[PDB]
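Listed next as structure tokens is one chain, alone, in the form solved without the ligand.
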């Protein structure tokens, strides 16, 4: 793809190829915690990941995705602001060149070191490619990472990064349990938004958890060793693969808690 995160092809250029970049329900956004409305009608999230089947990890030239088998209801998200059952298809992260930036959402303008996105699609639409064309097609769970103590459940991911260093590399990646990436509390903010990379489609109910998880400096350092480029091309380190906050426009952020 021509788009990327550099000076000449980065997010401030994306609108020329993807005019929806300047749409009414783009993501990410800044979550202003004092303007977010507590909504007592929001249910707890229901995360059922006990039967998750991970398959593969892949460097796609803009992040790395861990991909899951989504041919049956094995790892699903329900409840919260959702109607219906959303199946987990992949997760990936966005991170920075330094620990003070890297997240896409911000909370009262505070940036975190990285942000994990667990991407799920509405099973009523039959496949992911049909789901992205619907306003309620995707639900993405967003979790912030701060740098502090190591997260043991992330280490299996960081160990394999060496084997997918360049764009197009993939590796078998089975028996990874994504329950090891969740914080203790499932309290959340939610708003209607978009994919944060091209094609930027406005098909996402965002569910952003309040509680960050901690990872160690050494764990995030290993993300920063990946490359945007393919093998045998000039080295460009995969860092700062985040899109800046977009205008909220005519949207309300709701909170599941006070």
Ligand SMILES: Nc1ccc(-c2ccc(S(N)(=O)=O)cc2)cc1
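Positions refer to the first chain, counted from 1.
FYI, the form deposited with the ligand bound isn't displayed, but the following is about it.
Taking the ligand in the entry with it bound, would 104, 140 and 197 all count as contacting it (heavy atom within 4.5 Å)?
Yes, because 104, 140 and 197 each have a heavy atom that approaches the ligand to within 4.5 Å in the entry with it bound.
Does the ligand come within 4.5 Å of any heavy atom of residue 206 in the entry with it bound?
Result yes; residue 206 sits at the interface with the ligand in the entry with it bound.
Determine whether any heavy atom of residue 119 comes within 4.5 Å of a heavy atom of the ligand in the entry with it bound, and answer yes or no.
Close contact exists here: in the entry with it bound, residue 119 approaches the ligand to within 4.5 Å, heavy atoms only.
Of 232-258, which residues get within 4.5 Å of the ligand in the entry with it bound if you count heavy atoms?
Nothing in the stretch sits within 4.5 Å of the partner.
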